[PDB]
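Shown next as structure tokens: one chain only, the form deposited in one PDB entry.
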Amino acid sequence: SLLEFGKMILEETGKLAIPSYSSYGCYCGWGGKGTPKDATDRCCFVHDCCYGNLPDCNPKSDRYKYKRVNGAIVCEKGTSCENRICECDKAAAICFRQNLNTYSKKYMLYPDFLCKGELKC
């Protein structure tokens, strides 16, 4: 759930997921449309697509477990859903870190009306 994912985000970026990545661009929040603003925003886009391909699950609420081994996130072994949700989160957390380089403050608190158009996964 948001609890584990947020821990990963902090671990990988040194930033608190909320409010750093909770109102960022067009896809780092609840919104779901328009062209991602930058690399960080695309990370959220991909994350939505991953969760979007877990129909048989409950991404935001299902609690899962994981641990770090040699500095790299390692998803433990839970139910099918737990491992898949954990992987989706891991990929995003790492994506955020890889692109901290281009994280822009100007995309924080981004107005949703500035995002229009469906971008298929």
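Only the largest set of C-alpha atoms that superpose within 1.5 Å between the two forms is called the rigid core. Residue indices: 1-based, along the sequence shown.
Rigid core fitted first, then name the stretch among 44-52 and 58-66 whose C-alphas deviate most from the displayed form in 8 other deposited structures of this protein.
Evaluated in 8 other deposited structures of this protein, the stretch farther from the shown form is 58-66.
May I ask which stretch, 27-35 or 73-81, sits farther from the shown form in 8 other deposited structures of this protein once every structure is superposed on the core, judging by RMS CA distance?
Checking 27-35 against 73-81 in 8 other deposited structures of this protein, I find the farther stretch is 27-35.
Looking only at CA atoms, which has the higher mean B factor in the entry: 35-43 or 61-69?
That would be 61-69.
For the C-alpha atoms alone, is the average B factor greater in 25-33 or in 85-93, going by the entry?
It is 25-33 that shows the higher mean C-alpha B-factor.
Considering only modelled residues of the same chain, in which third does the CA B-factor of residue 54 rank: lowest, middle or highest?
CA B-factor rank for residue 54: middle third.
One more form of this protein, deposited with a small molecule bound, exists but is not displayed; see below.
Decide whether residue 78 counts as a contact residue for the small molecule in the deposited bound form under a heavy atom distance cut-off of 4.5 Å.
Residue-level check for residue 78: no, no contact with the small molecule.
Verify the contact flag for residue 49: yes if a non-hydrogen atom of it lies within 4.5 Å of a non-hydrogen atom of the small molecule in the deposited bound form, no if not.
Yes.
Every residue in 36, 110 and 115 with a non-hydrogen atom within 4.5 Å of the small molecule in the deposited bound form?
Spot residues vs the small molecule: no contact at all.
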